[PDB]
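Peer 1: Sequence, then the experimental structure. Questions to follow.
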Amino acid sequence: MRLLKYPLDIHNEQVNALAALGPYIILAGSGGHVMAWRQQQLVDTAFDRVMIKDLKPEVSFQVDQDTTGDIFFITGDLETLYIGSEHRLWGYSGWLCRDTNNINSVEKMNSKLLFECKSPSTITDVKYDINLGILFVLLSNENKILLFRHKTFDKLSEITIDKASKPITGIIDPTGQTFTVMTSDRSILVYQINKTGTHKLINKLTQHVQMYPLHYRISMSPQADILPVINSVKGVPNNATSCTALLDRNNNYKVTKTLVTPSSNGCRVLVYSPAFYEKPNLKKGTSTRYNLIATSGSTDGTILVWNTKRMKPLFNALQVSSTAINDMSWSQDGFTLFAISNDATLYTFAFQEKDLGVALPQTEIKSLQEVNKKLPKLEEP
Amino acid sequence: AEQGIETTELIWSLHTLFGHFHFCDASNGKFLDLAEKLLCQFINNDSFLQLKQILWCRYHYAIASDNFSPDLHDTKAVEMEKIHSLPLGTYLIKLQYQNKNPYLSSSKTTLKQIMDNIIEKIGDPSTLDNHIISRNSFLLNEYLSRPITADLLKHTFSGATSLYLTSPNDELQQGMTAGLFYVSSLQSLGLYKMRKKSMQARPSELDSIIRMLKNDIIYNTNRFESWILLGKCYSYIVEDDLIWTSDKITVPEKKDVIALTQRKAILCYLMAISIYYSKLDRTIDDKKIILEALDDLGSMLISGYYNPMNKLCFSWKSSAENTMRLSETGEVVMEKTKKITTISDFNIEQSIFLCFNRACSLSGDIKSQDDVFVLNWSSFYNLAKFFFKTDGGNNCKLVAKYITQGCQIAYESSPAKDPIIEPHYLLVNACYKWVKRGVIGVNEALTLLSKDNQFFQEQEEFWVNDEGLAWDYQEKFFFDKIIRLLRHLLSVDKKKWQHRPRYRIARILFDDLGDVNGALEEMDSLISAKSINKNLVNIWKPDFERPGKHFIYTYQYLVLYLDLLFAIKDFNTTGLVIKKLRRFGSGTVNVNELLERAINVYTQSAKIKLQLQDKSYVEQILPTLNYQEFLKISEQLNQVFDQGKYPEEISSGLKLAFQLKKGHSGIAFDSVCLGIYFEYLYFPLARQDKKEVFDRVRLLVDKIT
Amino acid sequence: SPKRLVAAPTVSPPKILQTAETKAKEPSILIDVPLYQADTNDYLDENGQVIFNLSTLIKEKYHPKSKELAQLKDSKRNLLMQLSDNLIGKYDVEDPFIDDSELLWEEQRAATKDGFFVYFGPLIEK
């Protein structure tokens, strides 16, 4: 495995959020400096095919953002780039040229402030489902959920939450069938929502999770079956270290396997690899299928990647940064892992097939999604 | 400009007209409301004076100015809103201090009551409404929970230590931009210090002020002075716990919280210094305040590093007290976390010296920028406390010109009430210890006493290193000069420092001169055993003297007094010491252990000066005595017993041993009392011819008494 | 019987490849970290793990010439006393602190294998 450490050249800003859209990995500073990079260039740089001094961003610019909120939210697709501050939101349609697969200029980007909220109402999380085409807004004070259509920003529905249940983070269904929200009062809510935005709370799991006032990055299983629950409360002995609970979608969220974290502060960023990996044991004629999940704590620069079929983490990258990790991301094939931190320093993890095992095709993962339990259809009122 | 002046004159005229016929209260005081609303925008002292009148007329807020009179137009008291209180308090701050630093400004308590009213109307900052406030408080608690690393100190000195807080940007952001809790906490701390000088201050009063400092700090005001004040509050807490509570020192669990408070004060100071170092255009007043903060942090490091602490604030336990330990079998073991020291001690010594070196550097910088600045002896005093039992005065040429300056500042800034003895005291102690251990060249050491003869006021032959004698005689004459200086210390007012001079007198007379009789004569005035109506130790506490010295120091003096008495084996004065100590429970802590030690020394002195054979009286003599023979000999002895026929030492020792047996748990005084009885009263009558024996002893004691 | 704790295979150590001085105070660093068996170049078995620290490797790669600890302590403190009367990657002589004892303490504490593992099932203490 190749690890390349790169301190970014942004002065007095923190890189809070990252997005890997197609062959482009997009970076977002605190004060609005946004740099977008081709992932392939960094891949060749990590394998020393590209020199370090020749590496430059594809399009690096400044968002027209005011002083009212800071940016922690970037999402969207190759057509539209939805960038959200902690009080405002901008969507950038036509940001990437379709024909050349190159980034359009910011003048060619149809910039539009889609929503703005005011203090003390604070945005907690921004999610978008590609399968549903619906953008999800998570809001604090009051606790409400807003659903918005892709490329039109049409308010499809609104889900209002309890005042004591301040939302912290949300989890996207890879099949686009559900959505899972972690709240302030240790309560976990699952919603059955369709393409039209009609929602249905299907499960309410309280005193299960431990949340703190931070920004978190949690992914679901690529087969849409295993629910990771970091900082678990229920079932954990008191005054121990933190733990991550794995809950099965089809088995009513019983605890399957448990991750014993060290005694420090809990994980902040969790990312499943999109690829399903297989190690064929040639001696037994067996093939062990497994996923790889990258996890990182909320205080130190310590990151661990986890094999689902192993009793150990694969390796431990300890004290990589003096600061906390803001965001991590896999590549689309999952053979590259990106990670950003507060100290404006980039860490790219280049993998080979001998590093990871044989990755299964996405048709296999879709077929595994088809075995999962089907929900009753939403009654349209 | 002119609009505000004409408005002020008109408002004053109308207020005067209303007080002339007592009728401003018509139209619900909305005239007063409007006038208050307009005078909130007019920043001048005349508008301030009319605003004082407005606050006394409306909410009946009496603002005490010496040149001020109530314009009573018969208006009932109202309640001021928080919405009105915030720009009013901001106006009060901006008019009171303007461009002057409120820390450096004299504390006017005229505005203090109304400040408390505004604080009460504001109340605490309500949590659970801002993610910023909750997150910043959580980060603050984390940062206080962080252990102590030397790299953190390096980043403090380079200014790379930051918490990266975000300002909430709320309505009350401008109030903490005014530093409202900073000013209120400053007033609270000034009144606390005034009560501390009167010794009426209490630690429970500080928690509200600490919470106010937290609320000001979590607004991301970038005010390191708030960190300075919070560390100072923790420092004063630590001072109270260390001086006034020996039970917190002895209990390691309370010592954990003391180390926590030390760590919190240190973290506040390090954050303050790194915030100042993060400032680019640092003015001179920032240097003046941060120099003082450097002094406070160095003092706290000296406190936390040394005895009785001995680096407990650098030993770290995890918050999760139980470690899930993986066994080699694949089983998980809960394991208790241990305290782990997070910094080597040499780095701590480096940090202390670096703090004081940068303090001296900034003192030189400030004195170059302000030559009327008055220096402090405290740098030399802290360097001497570094020299305490560490160096031995190896740098004698460098020992000179720092203790020289310390003693010079101490005498030249000595007030008429009580001079600054402590640099000269520590100089005397270091000279004694290093002359006695021979670590120093005596010539320059005694030559520096010619400079310190400003404080000494004795002859120059005392400071001439007259090495034309035997070294012991030179040392003894030096002890005579030190005893002369001790008499000089008796000559000063000595507000609370008589006792340790008497301790040094005893240390001179016993350890060095061999005059145990002179030391006993000195300590008998301090410890009056042979009296009855007095206390054990006379440190002049009839009902007035404060505790703190006699808690531990009186115990230590009684320990040395037991050593003095055991040097000459006097048991009568030891028994009188025990008798006085039974009524001296409130005069010291650990009265039981000191009583046991005094019993041990009394019994050892009685066994040594008079002589005994203990393992014979109980196990051997008592089973071999015939009961009728014992009764006959004891009755003939009780009929025979005369106090004039026995020495007073023997009868008084028997009486004291039986009285202490009645006082304590029996076993400690069975041996001495039975030995005195069977050796001097029973057997000499037997050769001529436990309860029963101690009853006969009681009869003989009733014959003595 | 449960499957025993087989020993971790001897993985080749991670080695710093290229360090290029950026415009920031921290230079960009390229390190190859092997995540395979060093003898067979296979995917690691279930009982292997790679554990390492950053700044310890920084001081080891840049400054192998560590002198006597007490002599360096005396030299640094006498340097501080003589001065009385960030070079990231290079060893800062102006930095007085020596971390190597505390680095050893951290190495001992991380050398504990106790709290860092995976447990299949609920955490029930025996």
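Peer 2: Perfect, thanks for sending it. Numbers count the residues shown, from 1 in each chain, chains lettered A, B, ... in the order given.

Peer 1: So which residue is dead centre in chain C?
Peer 2: By CA atoms, centre = their mean, chain C has its centre lying nearest to residue C:53, at 3.1 Å.

Peer 1: My guess is that one contacts residue A:318. True?
Peer 2: Yes. Between residue C:53 and residue A:318 there is a contact under CB atoms under 8 Å: 5.5 Å. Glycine gets a C-beta too; all of them are placed from N, C-alpha and C.

Peer 1: residues shared between the contacts of those two?
Peer 2: By CB atoms under 8 Å, 6 or more residues apart in numbering or on different chains, residue C:53 and residue A:318 have these common neighbours: residue C:110.

Peer 1: quick revisit: check contacts around the residue nearest to the centre of chain C.
Peer 2: Counting by CB under 8 Å, 6+ apart, residue C:53 makes contact with A:318, A:319, C:106, C:110.

Peer 1: As TSV, those residues with neighbour count would be great.
Peer 2: Below are those laid out as TSV (neighbours: other CB atoms under 10 Å in any protein chain shown):
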residue	neighbour count
A:318	21
A:319	15
C:106	18
C:110	17
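
Peer 1: TSV for the residues you listed, including distance to residue B:111 and secondary structure?
Peer 2: Converted to TSV, the contacts of residue C:53 look like this (distance: CB to CB, whole Å; DSSP: H, G, I helix; E, B strand; the rest coil):
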residue	distance to residue B:111	secondary structure
A:318	54	coil
A:319	51	coil
C:106	52	helix
C:110	56	helix
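
Peer 1: Can you lay out those residues as TSV showing distance to chain B?
Peer 2: Output for these, formatted as TSV (distance: CB to the nearest CB, whole Å):
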residue	distance to chain B
A:318	16
A:319	12
C:106	9
C:110	12
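
Peer 1: which one of these is nearest residue B:265?
Peer 2: Residue B:265 lies nearest to residue C:106 out of the contacts of residue C:53, by CB to CB, at 25.5 Å.

Peer 1: Which residues are in contact with the closest one?
Peer 2: The contact partners of residue C:106, taken as CB under 8 Å, 6+ apart, are residue C:53.

Peer 1: I would like the residues contacting stretch B:367-380, please.
Peer 2: B:284, B:287, B:295, B:356, B:359-360, B:363, B:366, B:402-403, B:405-407, B:409-410, B:413, B:420, B:423.

Peer 1: among the residues you listed, which ones are buried?
Peer 2: B:287, B:295, B:356, B:359-360, B:363, B:366, B:402-403, B:405-407, B:409-410, B:420, B:423 (16 or more other CB atoms under 10 Å in any protein chain shown).

Peer 1: Among those, which are located in helices?
Peer 2: In helices, judged by DSSP state H, the following of those are found: B:287, B:295, B:356, B:359-360, B:363, B:366, B:403, B:405-407, B:409-410, B:423.

Peer 1: What distance do you get for the residue of the stretch 101-250 of chain B found nearest chain A to chain C?
Peer 2: Relative to chain A, the nearest point of the stretch 101-250 of chain B is residue B:135 (3.7 Å; CB to the nearest CB). As judged by CB to the nearest CB, to the nearest Å, residue B:135 and chain C stand 26 Å apart.
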